[PDB]
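# need coordinates for the following:
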Amino acid sequence: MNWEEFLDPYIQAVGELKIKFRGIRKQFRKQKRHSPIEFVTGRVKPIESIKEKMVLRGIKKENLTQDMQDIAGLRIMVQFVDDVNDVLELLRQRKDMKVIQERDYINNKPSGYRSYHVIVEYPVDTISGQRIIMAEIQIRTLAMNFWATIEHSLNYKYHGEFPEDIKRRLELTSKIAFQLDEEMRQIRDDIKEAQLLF
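Numbering: from 1, shown residues only. Please find the structure below.
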């Protein structure tokens, strides 16, 4: 396995997806409207994480491109829970990628992980030709991302097997995350209105 080469079209894809997705927000703002997207991050999944996923899901290297969904990973940070579906409508109507899988972890008991996962096939032109790669786009509130980022690191270290205090701290914290979001979305029309006074 030569990773630097295999990974090249995913590095490119993250870069293009970043600039494409950051332009949705520019468009809304130029039209002086509320933007469903607040900002956008993204990175190629590290070589070690790919190998683990390969061991865990049983994906051979010859089947990486066709079978692994989240090598390129993108994050669309939205302000309100409600903004997720608007980001979704936009993503589904794009023609430079095709949506091939959605998974809703937002309606997913007011507690635990909260996020929305979209897998897209993205054609990337390289110097040796076109490659169809898969990218995982996660859509999140600021609070959702705050928690998911923390739970994810703790998780690595403990390999999913949490102490008791951690466990209940993660759940407690998770419910606070939800409350903050649940509260703000209710006055969301009002906040948007205030911000639209630029």
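
# next up, the contacts around the nearest residue to residue 44 once chain neighbours are set aside.
Using Cβ to Cβ, 6 or more residues apart in numbering and skipping residues adjacent in sequence, the residue nearest residue 44 is residue 10, 4.9 Å away. For every residue, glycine as well, the C-beta is placed using N, CA and C. By Cβ atoms under 8 Å, 6 or more residues apart in numbering, the contact set of residue 10 is 44, 71-72, 133, 135.

# strands - which of the residues you listed land there?
44, 72, 133, 135 (DSSP state E).

# of these, which is the most crowded?
residue 72 (28 neighbours; other Cβ atoms under 10 Å).

# touching the strand or helix carrying residue 194 from outside, list them.
If you go by DSSP states H and E, residue 194 is part of helix 188-195. Applying Cβ under 8 Å, 6+ apart, the set of residues contacting helix 188-195 from outside is 34, 80, 82, 184.

# pull out the buried members of those.
34, 80, 184 (16 or more other Cβ atoms under 10 Å).

# residue 148: which of those is nearest?
Within those, distances to residue 148 taken as Cβ to Cβ reach their minimum at residue 80, with 16.8 Å.

# give me the element that closest one is part of.
Going by DSSP H and E, residue 80 is not in any helix or strand.

# which residues does the residue nearest in space to the middle of the chain contact?
Taking Cα atoms, centre = their mean as the criterion, residue 138 is the residue nearest the geometric centre of the chain, at 1.7 Å. By Cβ under 8 Å, 6+ apart, the contact set of residue 138 is 73-76, 115-118.

# state the three-state secondary structure for residue 172.
Three-state call for residue 172 (DSSP: H, G, I helix; E, B strand; the rest coil): helix.

# distance of it from residue 13?
38 Å (Cβ to Cβ, to the nearest Å).

# in terms of neighbours, single out the busier of those two.
Per other Cβ under 10 Å, whichever of residue 172 and residue 13 has more neighbours is residue 13, with 24 against 11.

# list the buried residues of the strand or helix carrying that one.
Residue 13 is part of helix 8-30 when elements are defined by DSSP H and E. Within helix 8-30, the residues that qualify as buried are 8-10, 12-14, 16-17, 21, 24-25, 28, counting by 16+ other Cβ under 10 Å.

# now residue 163: phi and psi?
phi -50, psi 170 (degrees, to the nearest 10).

# next, count neighbours for it.
So residue 163, with other Cβ under 10 Å, has 11 neighbours.

# look up how far residue 77 lies from residue 22.
Distance, residue 22 to residue 77, by Cβ to Cβ: 11 Å.

# and for residue 110?
Noted for residue 110: a distance of 21 Å to residue 77, by Cβ to Cβ.
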